[PDB]
């Protein structure tokens, strides 16, 4: 049987499967070329890890690769059960925590090469990991949208690496056991935004919604609806970056000050920002925890060895 060494972890509930050994050798010079090789030459390996029976719809996989950039700790390629991804915030935190667990890196700054550019992560002594997110901003504020079955609510339109509609006052219970109701509400909201012609800058579709509520143990708790009608188990890196931009624009949060954002599952990120013209530079700090050190077993006599 073929063996794939993987470390499974989660980042605030959002899982990552990191492949440490067992995929074919990639020969491309750039991470983009290496991703093309996986996709064009070796796609059964993704499938073995991500399709049933070994994977499911929520999992993101990550292939550990040697660094390409002279200043990089490693390279990584992200993928899911449908195909290949570009960047992955939660998976990058999972990567760094996993390499720490395996004794391959120590605390400090780690530059990670991805197929679409480099990401910077700082591993702290205590295991928390800070990632520099993309320049973020609020585009419009307190925008009215009529959600069928609910009436008008207001939200901010903001960019944090994706376009988000951010809503404080929605009348919904932000608790995990209410996730089905929240899913239907936010999906209806996404459709209403589209129908009412509410977009990001230059007509960009708003494809994520985040709802916010008070929390006794954090500055806020959210519910984050994503493409494919999927919710994020974590506070969402890009979504929390967009939140930071709105807090900054309202004057609620000062430069350098910590914001503690909880998720629908109760996991938390810390966020901070600095100013860069008409954008902010957001910093998201979170944790990943190990969930399994596994040898995936690929039985050559199994018709489903490489997935169903």
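Positions refer to the first chain, counted from 1.
- Averaged over Cα atoms, the B-factor as recorded in the entry is higher for 211-219 than for the other of 211-219 and 88-96.
- Remark: stretch with higher mean C-alpha B factor among 51-59 and 28-36 is 28-36.
- Looking only at 224, 193, 174, 105, the residue with the top Cα B factor in the deposited structure is 174.
- Ranking 80, 130, 238, 202 by Cα temperature factor from the entry places 202 first.
- Per-chain ranking of the deposited C-alpha B factor places residue 120 in the highest third.
- When the modelled residues of the chain are ordered by their C-alpha B factor, residue 44 lands in the middle third.
- When all modelled residues of the chain are sorted by CA temperature factor, residue 141 is found within the lowest third.
- Annotation for residue 69: C-alpha temperature factor in the highest third relative to the rest of the modelled chain, per the entry.
- Among all modelled residues in its chain, residue 299 ranks in the middle third by Cα B-factor.
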